[PDB]
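Take a look at the structure below.
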Amino acid sequence: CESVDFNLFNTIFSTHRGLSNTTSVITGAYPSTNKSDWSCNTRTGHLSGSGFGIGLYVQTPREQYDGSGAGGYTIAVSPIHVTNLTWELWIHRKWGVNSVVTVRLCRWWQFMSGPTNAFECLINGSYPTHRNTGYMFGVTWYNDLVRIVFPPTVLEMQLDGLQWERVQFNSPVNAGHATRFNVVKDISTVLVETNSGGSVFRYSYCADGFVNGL
Amino acid sequence: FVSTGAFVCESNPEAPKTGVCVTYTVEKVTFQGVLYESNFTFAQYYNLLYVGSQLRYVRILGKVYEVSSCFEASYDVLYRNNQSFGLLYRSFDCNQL
Amino acid sequence: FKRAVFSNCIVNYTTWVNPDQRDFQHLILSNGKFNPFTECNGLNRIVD
Ligand SMILES: *[C@@H]1O[C@H](CO)[C@@H](O[C@@H]2O[C@H](CO)[C@@H](O)[C@H](O)[C@H]2NC(C)=O)[C@H](O)[C@H]1NC(C)=O
Ligand SMILES: *[C@@H]1O[C@H](CO)[C@@H](O)[C@H](O)[C@H]1NC(C)=O
Ligand SMILES: *[C@@H]1O[C@H](CO)[C@@H](O)[C@H](O)[C@H]1NC(C)=O
């Protein structure tokens, strides 16, 4: 894309403990700083797309001056060879512009596309989010550790086996704006620095140059 | 057990007692000290907080408690006989209380 | 058979058996007796 805010990446990083006034090295599935990985400007009707990665990060552009036109970001993460006892995720949002999103990691019985109700659903909640100056989130399946990161909070569940690869994300195409999406493929290593209360405000990825590795 | 760490538990936990030493165990981290109410706020990703390597704050039921070391956990005996000894608490400051 | 997902909630006392106190008593061990499992694999069997 072209207008990817790289100053919104601070809101998604977490250390394993709560650390104050500290520079730390973290690793895991984190979104690419390359602008050639943010599928942002598709007007062909294939803003849906797919991915074969280990997570996905979503960034709504800006909400200060359309109005009511917000993101939809229907995401349906698939356990690539689907059976009846595997697990899917279906995060859904409409135009809003009020808060209500939904997560519903359930156990469905078909593959084609999110019914009214399914059987045996682990998390099933609203968890309302308010719009900001600009918002960024993402969900992560790296070695079956599900991390739903909606800043400020987080949700972590270590499931024994999922084998999620297929993403099947989708936004309302040709909308008032264009929400940008980032499918992560490999884990990274990031140098972060936390503030007074534990919030990251500086980062540098370790493999983006020579000085960054030093 | 499809997940480790979902934690179905009887009897929702209640607010701890502020002002007595007790060995807590909060989120896989056991520690000893007293707690007090604070107006310090930190990041919602974390319940525990470290300043360096010591635990400084915990967050229980949405309330932030600053962890202090209980200073009366250890003492020396100035021993003379069965009925005459003295006590010295080497790490306690009894200026006021 | 209908299933139930138990996560982030409060299970309650002996509300998985009928209220008669003769039938379910083969799952009684000691004074602490609220144990709904018989043979466990491979986790530790007592639920406290
Ligand atoms: C984290 O760093 C900040 C900034 O250095 C600390 O804030 C200082 O706190 C001292 C008290 O010990 C004050 O005298 C300074 O004026 C503060 N400086 C600023 C810029 O606010 C903070 O105490 C540190 N430690 C934490 C949060 O545990
Ligand atoms: C999920 O939540 C919705 C809204 O409360 C409810 O209607 C639905 O039955 C729930 N599904 C399951 C499987 O709990
Ligand atoms: C402590 O003071 C009291 C004062 O009556 C008395 O028992 C003794 O002098 C002191 N020492 C001990 C061990 O009690």
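Each chain in the structure tokens gets a letter, A, B and so on, in the order shown; residues start at 1 in every chain, and ligands are counted from 1 in the order they appear.
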
Pull the strand (DSSP E or B) assignments for stretch 25-175 of chain A out of DSSP run on the backbone, and list those residues as number ranges by chain. A: 25-28, 38-39, 52, 55-60, 74-78, 89-92, 102, 105-107, 119-123, 135-142, 145-149, 155-159, 166, 170

If we count only C-alpha atoms, what is near residue B:35 at a cut-off of 8 Å, once residues fewer than 5 positions away on the same chain are taken out, given as a count of residues only? 8

So how far away is atom CA of residue A:15 from atom CA of residue B:44, in Å? 12.2 Å

List all protein, DNA and RNA residues that have at least one atom no more than 9 Å from any atom of ligand 2, counting only C-alpha atoms and all ligand atoms, and write them as a PyMOL selection string. (chain A and resi 102+104+106-107+116-126) or (chain C and resi 4-5)

Give me, as a PyMOL selection string, the residues of chain C touching chain A, with the criterion being at most 12 Å (counting only C-alpha atoms). chain C and resi 1-9

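Considering only C-alpha atoms and all ligand atoms, every residue of the polymer chains approaching ligand 3 to 8 Å or closer is listed here: residues 82, 83, 84, 85 and 86 of chain B.
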
Those residues with C-alpha atoms, as a tab-separated table (two decimals), in the first residue's frame please?
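And here is the file that came out, selection_21.tsv:
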chain	number	residue	atom	x	y	z
B	82	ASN	CA	16.28	-19.13	78.81
B	83	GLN	CA	14.75	-16.05	80.40
B	84	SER	CA	16.90	-13.25	78.98
B	85	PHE	CA	17.40	-12.66	75.27
B	86	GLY	CA	17.07	-9.72	72.92

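Atom CA of residue A:24 to atom 28 (O, counted along the ligand's line) of ligand 1 spans 15.9 Å [interatomic distance, one decimal].
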
As an mmCIF file with N, CA, C and O atoms, in the first residue's frame, please: every protein or nucleic acid residue near ligand 1 (cut-off 12 Å, counting only C-alpha atoms and all ligand atoms).
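Saved file pocket-v6.cif follows:
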data_model
loop_
_atom_site.group_PDB
_atom_site.id
_atom_site.type_symbol
_atom_site.label_atom_id
_atom_site.label_comp_id
_atom_site.auth_asym_id
_atom_site.auth_seq_id
_atom_site.Cartn_x
_atom_site.Cartn_y
_atom_site.Cartn_z
ATOM 1 N N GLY A 18 5.354 -7.900 32.374
ATOM 2 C CA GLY A 18 5.175 -6.466 32.388
ATOM 3 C C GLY A 18 6.450 -5.801 32.851
ATOM 4 O O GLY A 18 6.842 -5.955 34.006
ATOM 5 N N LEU A 19 7.124 -5.082 31.964
ATOM 6 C CA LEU A 19 8.431 -4.509 32.239
ATOM 7 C C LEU A 19 8.338 -3.001 32.127
ATOM 8 O O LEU A 19 7.691 -2.485 31.218
ATOM 9 N N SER A 20 8.988 -2.295 33.037
ATOM 10 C CA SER A 20 8.909 -0.844 33.079
ATOM 11 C C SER A 20 10.259 -0.232 32.724
ATOM 12 O O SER A 20 11.291 -0.673 33.240
ATOM 13 N N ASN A 21 10.237 0.771 31.836
ATOM 14 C CA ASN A 21 11.407 1.567 31.430
ATOM 15 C C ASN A 21 12.544 0.700 30.882
ATOM 16 O O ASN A 21 13.694 0.820 31.298
ATOM 17 N N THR A 22 12.231 -0.181 29.937
ATOM 18 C CA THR A 22 13.123 -1.291 29.609
ATOM 19 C C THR A 22 13.173 -1.542 28.108
ATOM 20 O O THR A 22 12.142 -1.495 27.437
ATOM 21 N N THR A 23 14.376 -1.778 27.583
ATOM 22 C CA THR A 23 14.571 -2.221 26.207
ATOM 23 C C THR A 23 14.707 -3.738 26.155
ATOM 24 O O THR A 23 15.601 -4.306 26.783
ATOM 25 N N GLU A 193 11.221 -0.994 23.028
ATOM 26 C CA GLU A 193 11.478 -0.234 24.239
ATOM 27 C C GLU A 193 10.155 0.194 24.847
ATOM 28 O O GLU A 193 9.353 0.855 24.185
ATOM 29 N N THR A 194 9.949 -0.152 26.109
ATOM 30 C CA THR A 194 8.711 0.129 26.816
ATOM 31 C C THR A 194 8.831 1.403 27.637
ATOM 32 O O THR A 194 9.924 1.821 28.009
ATOM 33 N N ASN A 195 7.689 2.022 27.903
ATOM 34 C CA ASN A 195 7.644 3.282 28.625
ATOM 35 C C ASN A 195 7.462 3.031 30.119
ATOM 36 O O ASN A 195 7.774 1.957 30.632
ATOM 37 N N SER A 196 7.024 4.085 30.817
ATOM 38 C CA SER A 196 6.767 4.062 32.257
ATOM 39 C C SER A 196 5.868 2.908 32.683
ATOM 40 O O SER A 196 6.242 2.114 33.551
ATOM 41 N N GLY A 197 4.701 2.782 32.063
ATOM 42 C CA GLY A 197 3.733 1.769 32.411
ATOM 43 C C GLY A 197 3.819 0.462 31.667
ATOM 44 O O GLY A 197 3.057 -0.454 31.973
ATOM 45 N N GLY A 198 4.730 0.317 30.718
ATOM 46 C CA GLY A 198 4.885 -0.939 30.019
ATOM 47 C C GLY A 198 4.455 -0.933 28.576
ATOM 48 O O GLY A 198 4.338 -2.008 27.984
ATOM 49 N N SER A 199 4.221 0.232 27.989
ATOM 50 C CA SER A 199 3.750 0.323 26.619
ATOM 51 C C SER A 199 4.925 0.586 25.695
ATOM 52 O O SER A 199 5.766 1.438 25.976
ATOM 53 N N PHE B 40 -1.568 3.989 40.488
ATOM 54 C CA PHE B 40 -0.676 3.763 39.368
ATOM 55 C C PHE B 40 -1.383 2.882 38.357
ATOM 56 O O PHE B 40 -1.966 1.857 38.721
ATOM 57 N N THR B 41 -1.331 3.282 37.092
ATOM 58 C CA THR B 41 -1.986 2.558 36.015
ATOM 59 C C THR B 41 -0.945 2.138 34.995
ATOM 60 O O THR B 41 -0.095 2.943 34.607
ATOM 61 N N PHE B 42 -1.008 0.885 34.570
ATOM 62 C CA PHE B 42 -0.099 0.375 33.562
ATOM 63 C C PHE B 42 -0.885 -0.399 32.511
ATOM 64 O O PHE B 42 -2.116 -0.395 32.507
ATOM 65 N N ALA B 43 -0.154 -1.031 31.597
ATOM 66 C CA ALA B 43 -0.733 -1.506 30.349
ATOM 67 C C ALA B 43 -1.669 -2.680 30.575
ATOM 68 O O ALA B 43 -1.402 -3.570 31.383
ATOM 69 N N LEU B 49 3.799 -6.433 37.008
ATOM 70 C CA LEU B 49 4.693 -5.382 36.536
ATOM 71 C C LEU B 49 6.039 -5.465 37.241
ATOM 72 O O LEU B 49 6.101 -5.662 38.451
ATOM 73 N N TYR B 50 7.114 -5.314 36.479
ATOM 74 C CA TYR B 50 8.471 -5.411 36.990
ATOM 75 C C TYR B 50 9.187 -4.086 36.811
ATOM 76 O O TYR B 50 9.143 -3.492 35.735
ATOM 77 N N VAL B 51 9.844 -3.621 37.862
ATOM 78 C CA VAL B 51 10.781 -2.510 37.767
ATOM 79 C C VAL B 51 12.165 -3.117 37.936
ATOM 80 O O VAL B 51 12.581 -3.448 39.049
ATOM 81 N N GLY B 52 12.872 -3.295 36.829
ATOM 82 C CA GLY B 52 14.048 -4.132 36.850
ATOM 83 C C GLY B 52 13.685 -5.598 36.901
ATOM 84 O O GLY B 52 13.163 -6.150 35.932
ATOM 85 N N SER B 53 13.944 -6.240 38.034
ATOM 86 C CA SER B 53 13.659 -7.657 38.188
ATOM 87 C C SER B 53 12.792 -7.965 39.395
ATOM 88 O O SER B 53 12.534 -9.140 39.668
ATOM 89 N N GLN B 54 12.346 -6.956 40.128
ATOM 90 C CA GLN B 54 11.484 -7.167 41.276
ATOM 91 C C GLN B 54 10.050 -6.841 40.903
ATOM 92 O O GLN B 54 9.794 -5.939 40.103
ATOM 93 N N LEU B 55 9.126 -7.609 41.463
ATOM 94 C CA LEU B 55 7.709 -7.376 41.247
ATOM 95 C C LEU B 55 7.279 -6.139 42.005
ATOM 96 O O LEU B 55 7.453 -6.058 43.221
ATOM 97 N N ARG B 56 6.712 -5.180 41.300
ATOM 98 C CA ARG B 56 6.364 -3.907 41.900
ATOM 99 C C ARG B 56 4.865 -3.667 41.987
ATOM 100 O O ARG B 56 4.400 -3.085 42.963
ATOM 101 N N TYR B 57 4.085 -4.132 41.018
ATOM 102 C CA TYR B 57 2.643 -3.965 41.023
ATOM 103 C C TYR B 57 1.965 -5.263 40.625
ATOM 104 O O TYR B 57 2.484 -6.019 39.805
ATOM 105 N N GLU B 66 0.416 -2.013 44.789
ATOM 106 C CA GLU B 66 1.871 -1.944 44.831
ATOM 107 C C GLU B 66 2.438 -2.913 45.855
ATOM 108 O O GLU B 66 2.080 -2.872 47.029
#
